[PDB]
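Quick notes on the structure that follows.
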Amino acid sequence: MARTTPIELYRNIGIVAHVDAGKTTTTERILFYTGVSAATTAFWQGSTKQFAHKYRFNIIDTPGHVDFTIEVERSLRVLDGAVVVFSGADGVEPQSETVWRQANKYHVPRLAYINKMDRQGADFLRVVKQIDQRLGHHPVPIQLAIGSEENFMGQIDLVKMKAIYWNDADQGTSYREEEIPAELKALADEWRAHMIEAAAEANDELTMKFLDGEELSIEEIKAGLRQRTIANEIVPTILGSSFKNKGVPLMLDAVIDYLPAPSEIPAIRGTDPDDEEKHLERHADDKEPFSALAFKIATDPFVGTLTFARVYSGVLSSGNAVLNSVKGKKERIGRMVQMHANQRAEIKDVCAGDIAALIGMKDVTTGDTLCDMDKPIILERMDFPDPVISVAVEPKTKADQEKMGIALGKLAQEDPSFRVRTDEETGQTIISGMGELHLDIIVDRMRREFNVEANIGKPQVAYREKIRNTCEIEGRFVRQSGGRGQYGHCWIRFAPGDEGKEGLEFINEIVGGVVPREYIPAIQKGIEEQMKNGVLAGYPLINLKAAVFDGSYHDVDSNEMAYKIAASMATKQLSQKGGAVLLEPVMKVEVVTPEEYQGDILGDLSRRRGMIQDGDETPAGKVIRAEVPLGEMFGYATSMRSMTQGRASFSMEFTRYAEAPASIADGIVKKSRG
Amino acid sequence: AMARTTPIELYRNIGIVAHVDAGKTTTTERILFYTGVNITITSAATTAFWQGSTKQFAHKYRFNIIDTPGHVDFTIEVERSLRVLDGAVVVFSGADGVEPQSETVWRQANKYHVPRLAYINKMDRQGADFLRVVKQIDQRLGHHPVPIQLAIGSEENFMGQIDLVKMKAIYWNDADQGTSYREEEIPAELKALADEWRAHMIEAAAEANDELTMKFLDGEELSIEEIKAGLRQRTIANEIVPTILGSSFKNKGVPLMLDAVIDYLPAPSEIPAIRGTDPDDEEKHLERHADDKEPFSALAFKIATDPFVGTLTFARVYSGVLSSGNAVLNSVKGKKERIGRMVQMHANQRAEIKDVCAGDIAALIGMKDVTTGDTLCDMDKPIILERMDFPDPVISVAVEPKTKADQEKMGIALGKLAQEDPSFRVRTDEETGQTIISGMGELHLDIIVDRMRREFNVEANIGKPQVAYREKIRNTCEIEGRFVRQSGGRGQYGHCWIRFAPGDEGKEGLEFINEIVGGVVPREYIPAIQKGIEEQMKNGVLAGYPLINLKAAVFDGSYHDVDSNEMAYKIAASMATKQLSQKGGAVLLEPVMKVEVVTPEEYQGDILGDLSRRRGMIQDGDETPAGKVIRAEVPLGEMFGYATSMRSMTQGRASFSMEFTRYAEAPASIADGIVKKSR
C-alpha cells in the first residue's frame, strides 16, 4: 500500500535556537545519536530503545534571524512540534521572544531545552522563571540540574526520580541511573509536585485520581503532560550540554513522549483559489484530497533543483498530475527524494504528515501550494505587504543583463517577498523589497553567486497615492477618420475607498442602461489600469471607489477597447478634481533598551516624524513602541548602536500607509510631474 | 607654588567602571546628589566635594568623577580612561554578578596597577546575593576581594549593610532620601557570619606590613585606624579590593561607598608615575612624577564638542602646573599652544580657574588644534604620554551635504568630529575641491556620518568607498635637485644631490641624514632640504598618493653667496623627490587587512572560499566553543560590503572583525588604471 509507517510514529520537529544558544552543535549531535538540507529524516526508538515502535523524525531547518518574519512563519506551519533551545547563561534573549509569540499564533506545541549548562553564569531554574515571566507561558520542568557550570555532570529525571550521569566512553550515547543526591532530594520533590499537579489538570480522570490522594503512574503523568503540551498549555522543560554530550538523548525521548504526530495538531488552514475571502481546511489523512506546501527551494549538485514539499493531506505520488493553485498551472510529479543523515533515499509515495524533495519542477516558487486539481486550495497567499522600498539596478555590460535576469529569476523562486520590474521611463531594472537589509542581501547574492556586475541607486521609498474629493468625471474617446470609427463614453463618480480595502470597489449603477453590459467590465479594467500608473506623481493608488452612473453607446463605433480608454482618461483627470495626496509606508518600530537610554530613543524616534505608542517595562529592559515612516528609518541599526553602545536591539514591520508631510510630498510631486 | 589651593593628598581621581546594566548612570547621578548636600549637567569629568557621610573627616576631599565609556570590547578609549583615573570603583550587579565582558577591562586595570573598590549594586532585585559575587571576583577575575560590609535582608527585604570595621548595623532613613543613617546592633542571625568575615578582613589587612603582621600573630586585636591603614596600603598596591554593597536606586549604601574612596582609594601622588616617550625618539622612555615642581605634562583625554556650545578640551595634569597665558607644546603635533580660559565642571555651575596643578583635571576653551590623546607639556623638557599607534585611515569616501547651504556647517561638524576621533580625518582634494572623509572602515565612516546628522543636524550623501592607497620605492638611486633662476636683477639658487633608498621595515615617515658635513651646502639650508622631501612625500610621486616611509641622505651640492636661500633648496629637494617616479621604480601600495571571522563549523567552507575569492591569504585558525575562528589577510579594496556578504552566507549567525596589518603592491589591473588617471 502507499502508506509505509503509521502517522502516529511521525515527528515533524524544528530546532528553534538563536545566535549563541547551540543550534549547530545540537542539530549535529541529533543526527549523530539517531545514526547509531532544508529537511532531514532520521529514526529514534529511545535513548535505551525503550519504545515499542521506531519513530520517524523530520528535522526542519528553521532560520537563524527573526528579521525575515514570513520565513519563520512558514517553518512553524511545516513543523508540528518545536524544540526551543535557550542558553542556560544568556537565558531568554529578545530574538527568542519574537519567534515564541509567532509560535503561539500557530498553536505550535513545544519543548524547552536549556543548553550550555557547563558555561559560567548557567542557572536552569533562573531561565525557567523567565519563560513564565517574560514569555508568559507555563513551563513544566521534567528535569533539574546536577552540578553548576564546569561541575555540571547531568540531570535528575523527575518522572523516574533517579539521577542521570553520562558515560564519555561512548560519547554520551549511554548513561547510568543512580539515586538523587541528598543535597537536591528536597528541591526534586518540590518540582515533582508541580509536574504531577500540572499533568493532573490534563483531564478529569487524572484530576480525580490526584484529588483522591492516589500517586499517579509514570504512563499517566506522561499522558497528562502530553495532552497539555499538544494543547500548547505547558512546555516540558529539559536541560543539558550538547557540546559536553550530556542530555541530547533524553531530549529526543521528550519529542516522542510530549511532541505531537501530524494528526494530533489542528488541520491546515487555506483559501479557495477563486476567492481569497473563502476559508477552507485539509485534515491529516491519506483519504482526504491532496495538498502540499513548497516550503523551500534548494540547489543540489547531483539531482539539481530540489523543491521541498510538506504533505498536509492526501498522498503525493510520482507520475501524478497535481495543480499549482498559486500559478493555476498543472505540474507532473517526477522523481522524489528524502534527505537522511548520510544517505539520500529515493521514494515515489509521500503520505500526509511526511516531507520529501521534488526534482525537475517547472515554475514552483517558495510558498506555492501543490494540490488535487478537482478539489484545489491555496495554503499560503497574500498576507505579504507590497514592497515598501526599491533600488534601481543597471548592468555595466550586455552579458550582465542576461546574467542579472537569470539571477533574479532563481532568487525570486527562493524568496517571493521581493518583486522585479523594468522602469520603461528610465530603462533601469527596479528591485523592490521589505527593507534596506533585504535589498542588500538580494544585490549581494546577485554579485557573488551569479557574477552580475552592475550599478545600484540609493534606496527609494515605495510611495502610494489616494484621493479625498468625491467628484463626477466624463470619460470620452471619440474618432471617425474615414469609414471606421471608435466610440467610448461614460460618467464615473470617484470617491475614497474605505481604509483597509485594497484595489478598486467598482459599482455599476446603470444596470440595463444605454451602455451595454458587455462594456462595463472594460470601464472597470480601464480605471484599475490607470490606478497602477498613478495620478499625482506616478505612484499607484492604494484603493478607490468608482461608480458608472451615465454614458452613451454607438451601434457601430462602440467596442470594449474604446470604453477602457474612455475610463482611463476620466481617471487621469482625478489628479485635479480628486485632490490626491502622496502616501508613504509607516513601520511599527519596537525597541528594547536598558532604562538608561529610554530618553535618547524616544527623542530620536520623535525626530524621525515618529508617533510614540504605549511602552511596556520588562526585566531590565524598557520596551519602546512607535509608528515611524520607513523613509526616516534608513540606517537606524547604526544610530541605535551609537546611542546605546550596541546594548539595545530593535525590530520593525510594515503596518500601513499615511499621508506624507508637505516637506517631502511637494518635492516628490514636482520631481517629474507637476 | 601658591597656585595650589588644596593639598594633593586630598584629591581623588575616580571613575565608575560598570558593565552595561549594572547601575552606572543611577550610581553616578546619586554620587553628584549626596556630594551636593554634604538637573545635573553631564561632562567628561565632574569635580565634587565630600567630607564623609557624617562629615567625620578633618579635611574636605576633592573628587574628580571621570566618565568611563564601558564598552564590552577593550578599545583605546577604555585604556585612556584607566590612565586618567587614579582609583576605580568597579560596579557589579548583585544578581547578574561578574560577566565575561567585565574580565577584559579588569585585566587592563591590572596592567596599569589601578587600585580599586568593588560596589555590588542592586541588592533589592531578585537573584541578588553579595557573598556569591564576592567568590566570582576571587575565582573568575582571580583577584583578592576583601569584604568590609555584609548584606542585611535579601532582595525586596534588603534594608542595609553591616560595617565590619565598626561592627554596627547600618539602616538608611528614606526621610532625607538615604542621605543619613542610624547605627544599630548587628542582628543575632548575622553576628556569627559577621565575625567570620571580620577575621578575613583583619587577616587581609595584617599582611599589609610586618608591623601589623607581628601584632596579629601575637594575638593582639588591631585598632580601627590600624585595620584601615592596612587595607589602604594593600588597596593602593592593588593586592586587595575593599568590596562594599548597596542599592543606588533605593538610596542605601552610596554614602558609605564615598567614604571608602577616601579611606582606601589613592591620591594622585600614591600611584606610579605616568610613563611616556621623547617626541624625537620613540625608543627613549621618560616619566613624570605627580609634583608641581616637575616639568608640566597633561593628556587631552576627551574633547566635548556641541553644535552650539564652544569646544571643551578636558586635560589631566600629571606633572607641573597648567596656567592661563602659558605657552605649552603639543608634542604629538609639534606645534605651540597658548592656554586661554579654563573651567572645572561642578554638579550645577562651571567654576572658572587659571591654575590646574598636578593630579587635577580641567576643561580648556578655544583650543586651536588639540585632538583626543594629544599631550600638552613643557617646551624645554617635552614628552608624549600616549603614542598614536593608530594606523592612518585605510578607506575614504567623498561627502556632500543634501543642501549646499550646509556646506560651511558640514565643514565645522566634520572638523569637531575629527578632534574627538583621531582615527578619522577630513580634507578637500584641491584637484576637485570635494570633501573627502577618511576612516578605518565602512562602519567607522557610517558612525561618523550618523553622528554628524544627529549631533550636528547636518544630512549628507557619501560616494562609493575608495581605498586609501600609498606608495614606496625599491631602487637605491642618487638624484640631482636643481632650482636656478635669474630674472635679471634678482637670482634664486638651490642645488643638492640626494641618495634615496627604501626605509627600514618597522620605521615610518622619513629617516633624513646629513652626510655632507663640511661641504659647500651651508648647515642653515639642510633643514629646508629635509622639509622639501617630506612635503613631496605627502603629494606622492607615482599617482598622487603619499610614500609610507623613505631614507634620504644629502651627500653633495653647491651654494651661491647671494642667490641661495632656504626656499630655493626646499624646491630643489622637492624636484629631486618627484624624479623618484622613474629612477626610484615606485609602486602603488594598497592596505592589506587582518580579517578574523567567528562562524559555526557549518559555513567554514563558504567563508574560506569567499576570503580566497577576495585575493585573501588564509592563516592558521582556531576552534572556540563559540564557533570556528577563520583568520586571513585580505586587501581592504576586496572587503567592501563584507558585513552584508557574511550575513547572507551565514544567515547572520557569523560575526567578523578586521584591522590594518601592512601595505602591499596592488596588482597591475588596478595600478595601471589609477597611475594613468593621475597624469
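Chain labels follow the order of the C-alpha cells: the first chain is A, the next B, and so on; residue numbering restarts at 1 in every chain, and ligands are counted from 1 in their shown order.
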Selection: 12 Å around residue B:446, only C-alpha atoms, excl. self and same-chain fewer than 5 positions, as a PyMOL selection string: (chain A and resi 634-639+641-642) or (chain B and resi 395-397+399+424+437-441+451-453+460-463+465)
Let me see the file: selected residues, N, CA and C atoms, as a CSV table (one decimal), in the first residue's frame.
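Saved the output as selection33.csv:
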chain,number,residue,atom,x,y,z
A,634,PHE,N,16.0,54.9,7.7
A,634,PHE,CA,17.3,54.4,7.0
A,634,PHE,C,18.5,54.5,7.9
A,635,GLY,N,19.2,53.4,8.1
A,635,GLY,CA,20.4,53.4,8.9
A,635,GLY,C,20.1,53.4,10.4
A,636,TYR,N,18.9,53.0,10.8
A,636,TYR,CA,18.5,53.0,12.2
A,636,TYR,C,19.5,52.1,13.0
A,637,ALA,N,19.8,50.9,12.5
A,637,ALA,CA,20.7,50.0,13.2
A,637,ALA,C,22.0,50.7,13.6
A,638,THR,N,22.6,51.5,12.8
A,638,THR,CA,23.8,52.3,13.1
A,638,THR,C,23.5,53.3,14.2
A,639,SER,N,22.5,54.1,14.1
A,639,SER,CA,22.1,55.1,15.1
A,639,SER,C,21.8,54.5,16.4
A,641,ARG,N,23.0,51.7,17.6
A,641,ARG,CA,24.2,51.2,18.2
A,641,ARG,C,25.1,52.3,18.8
A,642,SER,N,25.1,53.5,18.2
A,642,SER,CA,25.9,54.6,18.7
A,642,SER,C,25.3,55.1,20.1
B,395,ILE,N,40.5,53.7,4.4
B,395,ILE,CA,39.3,53.9,3.4
B,395,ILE,C,38.9,55.3,3.4
B,396,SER,N,38.4,55.8,2.3
B,396,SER,CA,37.9,57.2,2.2
B,396,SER,C,36.6,57.3,1.3
B,397,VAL,N,35.8,58.3,1.5
B,397,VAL,CA,34.5,58.5,0.7
B,397,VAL,C,34.3,60.0,0.6
B,399,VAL,N,32.1,63.2,0.6
B,399,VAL,CA,30.9,63.6,1.3
B,399,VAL,C,30.3,64.9,0.8
B,424,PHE,N,39.8,59.4,12.4
B,424,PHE,CA,39.0,59.9,11.3
B,424,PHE,C,39.7,61.2,10.9
B,437,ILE,N,36.3,62.3,3.4
B,437,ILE,CA,36.4,61.9,4.8
B,437,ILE,C,37.1,60.5,4.8
B,438,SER,N,38.1,60.3,5.7
B,438,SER,CA,38.9,59.0,5.7
B,438,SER,C,38.7,58.4,7.1
B,439,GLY,N,38.7,57.0,7.1
B,439,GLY,CA,38.5,56.3,8.4
B,439,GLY,C,39.1,54.9,8.4
B,440,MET,N,38.8,54.1,9.3
B,440,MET,CA,39.3,52.7,9.4
B,440,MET,C,38.5,51.6,8.7
B,441,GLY,N,37.2,52.0,8.3
B,441,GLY,CA,36.4,51.1,7.6
B,441,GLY,C,35.0,51.7,7.2
B,451,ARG,N,26.5,60.4,13.4
B,451,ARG,CA,26.7,61.4,14.4
B,451,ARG,C,26.6,62.8,13.9
B,452,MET,N,27.1,63.0,12.6
B,452,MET,CA,27.1,64.4,12.0
B,452,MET,C,25.6,64.8,11.7
B,453,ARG,N,24.7,63.8,11.5
B,453,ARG,CA,23.3,64.1,11.2
B,453,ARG,C,22.5,64.3,12.5
B,460,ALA,N,23.9,64.3,4.9
B,460,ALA,CA,24.8,64.3,3.7
B,460,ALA,C,24.8,62.9,3.1
B,461,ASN,N,25.2,62.9,1.8
B,461,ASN,CA,25.4,61.7,1.0
B,461,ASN,C,26.8,61.3,0.9
B,462,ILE,N,27.2,60.0,0.8
B,462,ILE,CA,28.6,59.6,0.7
B,462,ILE,C,28.7,58.8,-0.6
B,463,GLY,N,29.8,59.0,-1.3
B,463,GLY,CA,30.1,58.2,-2.6
B,463,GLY,C,30.5,56.8,-2.3
B,465,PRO,N,33.0,53.8,-1.5
B,465,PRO,CA,34.2,53.8,-0.7
B,465,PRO,C,35.4,53.7,-1.7
Distance-based interface of chain B with chain A, 7 Å, counting only C-alpha atoms, as a PDB file with N, CA and C atoms, in the first residue's frame:
ATOM      1  N   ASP B  21      24.222  47.911  32.223  1.00  0.00           N
ATOM      2  CA  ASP B  21      23.076  47.379  33.020  1.00  0.00           C
ATOM      3  C   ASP B  21      23.580  46.885  34.389  1.00  0.00           C
ATOM      4  N   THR B  25      24.744  54.845  35.477  1.00  0.00           N
ATOM      5  CA  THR B  25      24.049  56.163  35.425  1.00  0.00           C
ATOM      6  C   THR B  25      23.401  56.486  36.779  1.00  0.00           C
ATOM      7  N   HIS B  71      32.583  50.102  27.219  1.00  0.00           N
ATOM      8  CA  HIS B  71      32.372  49.216  26.039  1.00  0.00           C
ATOM      9  C   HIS B  71      32.652  47.762  26.446  1.00  0.00           C
ATOM     10  N   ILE B 447      29.279  55.539  11.128  1.00  0.00           N
ATOM     11  CA  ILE B 447      29.092  56.089  12.505  1.00  0.00           C
ATOM     12  C   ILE B 447      29.369  57.601  12.487  1.00  0.00           C
ATOM     13  N   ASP B 450      26.576  59.330  10.705  1.00  0.00           N
ATOM     14  CA  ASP B 450      25.341  59.267  11.535  1.00  0.00           C
ATOM     15  C   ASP B 450      25.396  60.332  12.648  1.00  0.00           C
ATOM     16  N   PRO B 600      29.920  29.112  12.858  1.00  0.00           N
ATOM     17  CA  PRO B 600      29.707  27.709  13.194  1.00  0.00           C
ATOM     18  C   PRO B 600      30.410  26.914  12.082  1.00  0.00           C
ATOM     19  N   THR B 644      27.519  42.538   4.749  1.00  0.00           N
ATOM     20  CA  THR B 644      26.316  42.034   4.032  1.00  0.00           C
ATOM     21  C   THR B 644      26.562  40.607   3.535  1.00  0.00           C
ATOM     22  N   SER B 645      27.705  40.373   2.886  1.00  0.00           N
ATOM     23  CA  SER B 645      28.064  39.034   2.352  1.00  0.00           C
ATOM     24  C   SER B 645      28.069  37.996   3.476  1.00  0.00           C
ATOM     25  N   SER B 648      24.562  37.043   4.560  1.00  0.00           N
ATOM     26  CA  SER B 648      23.848  36.168   3.586  1.00  0.00           C
ATOM     27  C   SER B 648      24.304  34.710   3.738  1.00  0.00           C
ATOM     28  N   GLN B 651      23.420  33.425   7.348  1.00  0.00           N
ATOM     29  CA  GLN B 651      22.083  33.757   7.913  1.00  0.00           C
ATOM     30  C   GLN B 651      22.259  34.626   9.168  1.00  0.00           C
ATOM     31  N   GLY B 652      23.249  35.528   9.156  1.00  0.00           N
ATOM     32  CA  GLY B 652      23.532  36.458  10.271  1.00  0.00           C
ATOM     33  C   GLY B 652      24.068  35.780  11.523  1.00  0.00           C
ATOM     34  N   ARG B 653      24.373  34.482  11.450  1.00  0.00           N
ATOM     35  CA  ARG B 653      24.888  33.732  12.627  1.00  0.00           C
ATOM     36  C   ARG B 653      26.384  34.014  12.847  1.00  0.00           C
TER      37      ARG B 653
END
Which residue of A:640, A:591, A:601, A:323 approaches residue A:652 most closely, using only C-alpha atoms: A:591
Contacts of stretch 578-586 of chain A at 7 Å (only C-alpha atoms; same-chain gap of 3+ positions) as a PyMOL selection string: chain A and resi 388+463-471+536+574-575+627-630+654-660+665
Taking C-alpha atoms for each residue, export the selection above as a PDB file, in the first residue's frame.
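Result file follows (part17.pdb):
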ATOM      1  CA  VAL A 388       7.915  49.258   0.805  1.00  0.00           C
ATOM      2  CA  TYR A 463       5.163  55.691  -2.170  1.00  0.00           C
ATOM      3  CA  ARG A 464       1.405  55.283  -2.955  1.00  0.00           C
ATOM      4  CA  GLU A 465      -1.489  57.745  -3.602  1.00  0.00           C
ATOM      5  CA  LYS A 466      -5.193  58.174  -2.637  1.00  0.00           C
ATOM      6  CA  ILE A 467      -7.994  60.741  -3.286  1.00  0.00           C
ATOM      7  CA  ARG A 468     -10.208  62.674  -0.793  1.00  0.00           C
ATOM      8  CA  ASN A 469     -12.629  64.654  -3.062  1.00  0.00           C
ATOM      9  CA  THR A 470     -15.866  62.950  -4.253  1.00  0.00           C
ATOM     10  CA  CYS A 471     -16.226  64.071  -7.920  1.00  0.00           C
ATOM     11  CA  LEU A 536      -0.307  62.731  -8.741  1.00  0.00           C
ATOM     12  CA  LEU A 574      -8.660  62.570 -10.938  1.00  0.00           C
ATOM     13  CA  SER A 575      -5.308  64.422 -10.492  1.00  0.00           C
ATOM     14  CA  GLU A 627       4.952  54.069  14.312  1.00  0.00           C
ATOM     15  CA  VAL A 628       7.656  55.631  12.051  1.00  0.00           C
ATOM     16  CA  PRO A 629       7.758  56.351   8.275  1.00  0.00           C
ATOM     17  CA  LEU A 630      10.229  53.891   6.600  1.00  0.00           C
ATOM     18  CA  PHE A 654       5.000  47.454   7.736  1.00  0.00           C
ATOM     19  CA  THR A 655       1.727  48.484   9.481  1.00  0.00           C
ATOM     20  CA  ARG A 656       0.015  50.886   6.976  1.00  0.00           C
ATOM     21  CA  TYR A 657       0.416  53.866   4.556  1.00  0.00           C
ATOM     22  CA  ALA A 658      -0.052  57.501   5.761  1.00  0.00           C
ATOM     23  CA  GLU A 659      -0.121  60.967   4.097  1.00  0.00           C
ATOM     24  CA  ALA A 660       3.493  62.231   3.780  1.00  0.00           C
ATOM     25  CA  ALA A 665       5.384  65.499  -0.828  1.00  0.00           C
TER      26      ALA A 665
END
For residue A:259: contacts at 12 Å, only C-alpha atoms, fewer than 4 positions along chain excluded, given as a PyMOL selection string: chain A and resi 8-14+55+57+79-84+108-112+222-223+225-232+234-236+251-255+263-265
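Between atom CA of residue A:475 and atom CA of residue A:559 the interatomic distance comes to 14.4 Å.
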Every residue of stretch 185-305 of chain A that DSSP places in alpha helix (DSSP H), as a PyMOL selection string: chain A and resi 185-200+204-211+218-230+248-258
Of the listed residues B:548, B:498, B:175, B:237, that which approaches residue B:513 most closely, counting only C-alpha atoms: B:498
Stretch 299-305 of chain B environment, 6 Å, only C-alpha atoms, sequence neighbours closer than 2 positions dropped, as JSON, numbers by chain: {"B": [311, 312, 313, 314, 315, 316, 372, 373, 374, 375, 420]}
DSSP strand (DSSP E) selection over stretch 471-515 of chain A, as a ChimeraX atom specification: /A:471-479,486-495,503-508
Please produce an output containing C-alpha atoms for each residue in the selection, written as a compact mmCIF listing (two decimals), in the first residue's frame.
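After the write, again10.txt holds the following:
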# COMPACT_ATOMS: atom_id res chain seq x y z
CA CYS A 471 -16.23 64.07 -7.92
CA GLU A 472 -18.07 63.08 -11.17
CA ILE A 473 -15.81 62.93 -14.30
CA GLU A 474 -16.68 62.40 -18.02
CA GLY A 475 -14.60 59.74 -19.86
CA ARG A 476 -14.73 60.36 -23.65
CA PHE A 477 -12.78 58.66 -26.53
CA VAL A 478 -14.26 59.51 -30.00
CA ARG A 479 -12.69 59.18 -33.52
CA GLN A 486 -14.17 54.42 -32.26
CA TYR A 487 -16.72 55.44 -29.56
CA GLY A 488 -16.28 55.23 -25.76
CA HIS A 489 -18.25 57.44 -23.31
CA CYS A 490 -19.03 57.06 -19.57
CA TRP A 491 -19.58 59.34 -16.50
CA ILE A 492 -17.91 57.96 -13.32
CA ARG A 493 -18.36 59.13 -9.68
CA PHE A 494 -14.99 58.73 -7.89
CA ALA A 495 -14.70 58.63 -4.05
CA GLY A 503 -7.77 47.66 -5.25
CA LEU A 504 -10.97 49.14 -6.74
CA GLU A 505 -14.55 48.80 -5.38
CA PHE A 506 -16.44 49.19 -8.70
CA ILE A 507 -20.28 49.51 -8.77
CA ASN A 508 -22.47 49.56 -11.95
Near-residue A:115 list (7 Å; only C-alpha atoms; drop same-chain fewer than 5 positions) as an MDAnalysis selection string: chainID A and resid 21:22 85:88 239:242
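For the pair atom CA of residue B:550 and atom CA of residue B:564, the interatomic distance is 26.4 Å.
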Contacts of stretch 352-366 of chain A at 6 Å (only C-alpha atoms; same-chain gap of 4+ positions) as a list in words: residues 262, 284, 285, 286, 294, 295, 296, 306, 307, 308, 309, 310, 311, 312, 313, 314, 335, 336, 337, 338, 413 and 414 of chain A
d(atom CA of residue A:221, atom CA of residue A:58) in Å: 26.3 Å
Given only C-alpha atoms as the counted atoms, nearest of B:72, B:413, B:14, B:632 to residue B:114: B:14
